[PDB]
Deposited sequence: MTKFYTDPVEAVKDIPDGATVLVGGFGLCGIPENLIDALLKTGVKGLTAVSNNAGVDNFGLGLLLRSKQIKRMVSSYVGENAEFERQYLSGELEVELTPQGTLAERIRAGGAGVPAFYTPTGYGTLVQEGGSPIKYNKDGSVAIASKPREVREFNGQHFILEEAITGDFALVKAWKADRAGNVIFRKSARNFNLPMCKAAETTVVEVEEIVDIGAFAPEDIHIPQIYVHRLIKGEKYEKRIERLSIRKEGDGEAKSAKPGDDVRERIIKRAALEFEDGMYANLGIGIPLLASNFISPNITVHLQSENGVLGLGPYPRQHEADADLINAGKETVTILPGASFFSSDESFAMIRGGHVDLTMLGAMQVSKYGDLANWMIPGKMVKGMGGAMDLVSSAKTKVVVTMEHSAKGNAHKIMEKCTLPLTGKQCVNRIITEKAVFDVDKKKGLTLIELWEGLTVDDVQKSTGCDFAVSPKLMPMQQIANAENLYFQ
């Protein structure tokens, strides 16, 4: 562990075209001092492996506006208009990869495992390949994403993903001891921890350096063996992106969504309806809310004084945690998800098919990436519940035989709650209508649905919390 007092001296030797792993989730755990040294070295050609594209005026968005990156490898690249500009113009190469695949690939690369199978992306364009990585000035495609090998194990289908290593890792942490051991604060750990392990040279910036012996040996997050270069950064803006401080049919879906929660349940809730449904959780039960950036035990939104840039949800909103909460890295978070340990994933959808295909991450000709959306639907052991308005404009269907928008997952939905009905959904049997909004008939449902469905013989009216 070499200690440096110049952030430029820490990164002088990054050759043009390097692959650099960049820590951070949204603007949370961004190595803003090392990323500033790169603006100051002006190094170029880079392939940046980074979960997100920062924002325009911050994070990796800074090396983008200064044209220093050839290729971004990310999972979610929204909230950066300049990255959209460079991609569509053919100035930027972009590889979108599921978030949990991103985390596991980087981890694999650090752990000496050249490839592994994941259920995530099967039956989607991740498996199929062919999507533009790079356009020409024509609008013709200079680079297409390669297909992934599909293989079956114990009933389910999986795809082969290859490890990611880097030449360098730019990592932000909380404190280092003088031996080079490092800890991370709150949800700021995310991709920083695994990215420490997967590069030939890791550069870590910390907020503070402490003595050898300050950390309990059991509580070291990154052992010194992974830390090659260390600086204490001179300045930290730490800029909250979304400072989040404490219709008829939408409330209906919500008051029904709220009845999905049970005592002892581990749940991951998408932004919008599912998250709002959690406000109606009885205090006589406990639900444990998981966040993909590495939090179990999310609490309500923070009061003004409680807002902390190191604690955010997957929506990028400032959050709090309840007593009993835990933090963990992005690779551990997706092991929990991909492994089926979450009980309930509640999600929005643009389309759901008869046998449970879900389209929710991409509209052709309208370009943000999938995030953890594919990972959250990939486990058979986790109940997937979609909450959505029943129909689009013009009564255009959203429940159909075959989705026509790109799939998030194949045969992954277990139930659909709309303002008109609740359907159970099966891979092989299709839809059963188990509940119908009072006043409406089955034929009012049939006429706004794009496929056949069974009706439950215990078919009750629609419940409301």
{"property": "Missing segments of the deposited chain sequence, listed N- to C-terminal", "result": "1, 248-260, 381, 481-489"}
